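First the structure, in the form of structure tokens, and then the observations on it.
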Amino acid sequence: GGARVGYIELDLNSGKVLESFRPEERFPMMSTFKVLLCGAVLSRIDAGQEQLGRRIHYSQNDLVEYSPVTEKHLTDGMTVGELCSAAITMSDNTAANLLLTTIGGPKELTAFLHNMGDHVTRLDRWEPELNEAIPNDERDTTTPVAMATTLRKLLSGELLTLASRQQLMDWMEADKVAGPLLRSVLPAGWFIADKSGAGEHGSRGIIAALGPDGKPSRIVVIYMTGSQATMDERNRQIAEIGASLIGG
């Protein structure tokens, strides 16, 4: 439906690319960036520059649209760990902004990425503006291969400590708001750890570590933008691309 689609699948062990389509074209990251964000936070924790338990007190004025978890803790605040859980598992937008604030914002997330060897992925804006997805706008974009390689480094490389690696995987495993995507076509008993995104201009995307027997063995990154299709159809389209990668 006019969609520009890009995807890649990696073997998690070897890092070998198994299949790709437009892997080096830029797509709006949308909420998929929230995994990289918590990656940067976990890296700071590893370095002793941040604590998982540090409580962040925020006010009504910090709340942006779609903050299902953060809107419930204006009185007592939330820990860095809780915010990352909210950002990843619920796609909480205020949580994402609060975490960006802790690391120094989008430029620092981008710097984090640069420093781990990702010179492609860039965050420029905050929630909700980063979801604008203006055609050919390079702000807040990644490529399928850059995202997949970065996800793989975060989840299986020695970039994060064992504890942080597993914490990041655990948050993604607990994703609550990606049901109509890869989860809808996954065989029973399969492990999936994912993060989805939706943006303007018919943009939709998902990043995932997944595999049979309750263990991940594959990285899958799928982005689309420019789609004329309804949300249900966009969901099915990603799901179908995913089912093809998992199957074939």
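Tabulated data for the structure shown
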item	result
Local net charge near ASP170, Cβ-Cβ under 13 Å (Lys/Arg +1, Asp/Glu -1)	-1
Net charge of Cβ neighbours under 14 Å - reference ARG44; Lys, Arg +1; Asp, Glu -1	-2
Net +/- balance of residues flanking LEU159 in space, Cβ distance below 11 Å, scoring K and R +1, D and E -1	0
Unsatisfied cross-links (Cα-Cα over 23 Å) in the set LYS153/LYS195; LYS34/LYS107; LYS107/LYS176	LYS107/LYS176
Signed unit charges on C-beta, dipole axis of the chain, positive-most listed residue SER20, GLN60, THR141	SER20
For the chain, average projected area of the Cα convex hull in nm²	12.2 nm²
Per-peptide average of other Cβ atoms within 10 Å, ordering 48-56, 6-14, 118-126 highest first	6-14, 118-126, 48-56
Magnitude of the charge dipole, the chain, Cβ model with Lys/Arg +1 and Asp/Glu -1, debye to 20	380 debye
Dipole axis of the chain (+1 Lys, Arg; -1 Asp, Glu on Cβ), positive-most option in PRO212, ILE192, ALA96	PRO212
Ranked packing of 22-29, 109-116, 177-184, most packed first, by mean Cβ within 10 Å	22-29, 177-184, 109-116
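Bear in mind these aren't lab numbers, they're just calculated from the coordinates by the rules spelled out. Here Cβ is always computed from backbone atoms with ideal geometry, including for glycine, and neighbour counts include all displayed protein chains.
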